[PDB]
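We number each residue from 1, following the sequence as shown. Both ligands and their constituent atoms are indexed starting at 1 by order of listing.
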Amino acid sequence: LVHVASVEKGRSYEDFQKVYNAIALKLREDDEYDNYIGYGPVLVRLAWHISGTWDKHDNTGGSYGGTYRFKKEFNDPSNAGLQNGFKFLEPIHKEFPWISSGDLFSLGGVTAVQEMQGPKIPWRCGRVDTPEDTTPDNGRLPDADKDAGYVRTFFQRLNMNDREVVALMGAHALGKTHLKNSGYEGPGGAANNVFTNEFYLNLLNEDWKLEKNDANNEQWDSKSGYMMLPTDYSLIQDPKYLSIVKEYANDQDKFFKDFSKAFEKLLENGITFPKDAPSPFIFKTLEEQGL
Ligand code: HEM
């Protein structure tokens, strides 16, 4: 099963920077969402979930086909809440109808990370919509109530190693768990709409207690009002993960560089890029453009 990137006809860097900018401008404008967290975190999560269905063994799932637009995937219990990100992107897609669904969903994630002051994430165009029967079944996204061995094995299916897993998980600095979506409640820290290495700092520095939430699920809580999922906390229970958590807690730049690599890889898993494909694009932020 081969998915060849095909550039939207006649489009180039400038066209995608316009789409970036529209997303970024709406991120700034629609600031009220989720008690003023804004849409950044949910857009990052959407980009991850549309990519995280990939299976390296047979190249099913993955961002290429844009299949989140079909009800089977839209309604995956694992994706509860992401409809808010999709709705955000609707007017963007209406303005730029030429962009593929997979390019739009993944570009939303890149735009959110950069506009939240995260690392630059190189991004490649050319995902092509595929039909409804290519939508992957529910159940390929990870459970949160599990341990380090679960996490490690899970991410092998996405061809991610320990360092890539721990780097990717730093995105959990962003946003919050919502009890009605996932059966977990609370943010992971104070800086949850700016992209930093706070996830690692808080894992190491907060005093965590294993409590039950109102949905009768266990989660790790701090007196400062933060929470970690069991799978988050597993990163400091496993000795190999813990070393890498300490590394990123002590080196912001290294976290940024490793996140950027792992996130681009996640977003590109399953896609074959022709040798004569354009190079990856690095979009300017609104701030860099004076916009
Ligand atoms: C073991 C892997 C992971 C598990 C079990 C997991 C689980 C969760 C769960 C349960 C939530 C809360 C959803 C809700 O209640 O609204 C969440 C939120 C989120 N996740 Fe993860 N996740 C994992 C990996 C990742 C990765 C790799 C990324 C992206 C690089 C990511 C990005 C996010 C973001 C940004 C949020 C906040 C969303 C919001 O505030 O609306 N997650 N995740």
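Contact annotation for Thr231 and ligand 1: only side-chain heavy atoms (C-beta onward) come within less than 4.0 Å of the ligand. Contacts between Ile37 and ligand 1 below 4.0 angstrom, taking non-hydrogen atoms only, are absent altogether.
Atom CD of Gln117 has 12 or fewer heavy atoms from other residues, nucleotides or ligands within 6.0 Å.
At a 3.5 angstrom cut-off on N or O pairs, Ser182 counts as close to ligand 1. Geometrically, ligand 1 and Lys176 share a nitrogen or oxygen pair separated by less than 3.5 Å. At under 3.5 Å, a nitrogen or oxygen of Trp48, whether backbone or side chain, sits near a nitrogen or oxygen of ligand 1.
Rounding to the nearest 0.5 angstrom, the gap separating the CD atom in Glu185 from the CD atom in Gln219 is 7.5 Å.
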Item to check | Audit row: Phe154, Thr231, side chain to side chain contact (heavy atoms under 4.5 Å, CB included) steps and yes/no | outcome: CA-CA 11 Å; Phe154 176 82; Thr231 44; over 6 Å; no
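Of all atoms in ligand 1, listed by their number and element, those nearer than 4.0 Å to a heavy atom of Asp143 are 5 (C). Ligand 1 places these atoms under 4.0 Å from at least one heavy atom of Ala144: 5 (C). Interface atoms of ligand 1 facing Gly175, defined by a heavy-atom separation under 4.0 Å, are 40 (O). Close contacts between ligand 1 and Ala171 involve ligand atoms 29 (C), 30 (C), 35 (C) [criterion: under 4.0 Å to a heavy atom]. The contact set between ligand 1 and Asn181, taken as ligand atoms under 4.0 Å from a residue heavy atom, comprises 14 (C), 15 (O), 16 (O). Using a 4.0 Å cut-off to heavy atoms of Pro41, the atoms of ligand 1 that qualify are 35 (C), 40 (O). Each of the atoms 27 (C), 30 (C) of ligand 1 lies under 4.0 Å from some heavy atom of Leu168.
At least one heavy atom of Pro142 lies less than 4.0 angstrom from ligand 1.
Between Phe16 and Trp98, the ring centre distance stays below 6.0 Å.
Remark: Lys26 does not engage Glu95 in a salt bridge, criterion side-chain N to carboxylate O under 4.0 Å. For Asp34 and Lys176, the salt-bridge test fails: no basic side-chain N is under 4.0 Å from an acidic carboxylate O.
Of the candidates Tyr226, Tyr233, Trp208, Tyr233 is the only one forming a ring-ring contact (aromatic ring centres under 6.0 Å, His included) with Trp220. Between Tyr200 and the options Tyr241, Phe259, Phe255, a ring-ring contact (aromatic ring centres under 6.0 Å, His included) holds for only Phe255.
A donor-acceptor pair under 3.5 Å is formed between the side chain of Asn193 and the backbone N or O of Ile37.
Relative to atom 8 (C) of ligand 1, the option among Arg45, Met227, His49 with the closest non-hydrogen atom is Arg45. Of the listed options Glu164, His172, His178, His172 places a heavy atom closest to atom 6 (C) of ligand 1.
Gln252 approaches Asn197 most closely through the heavy-atom pair CG-ND2, 3.5 Å.
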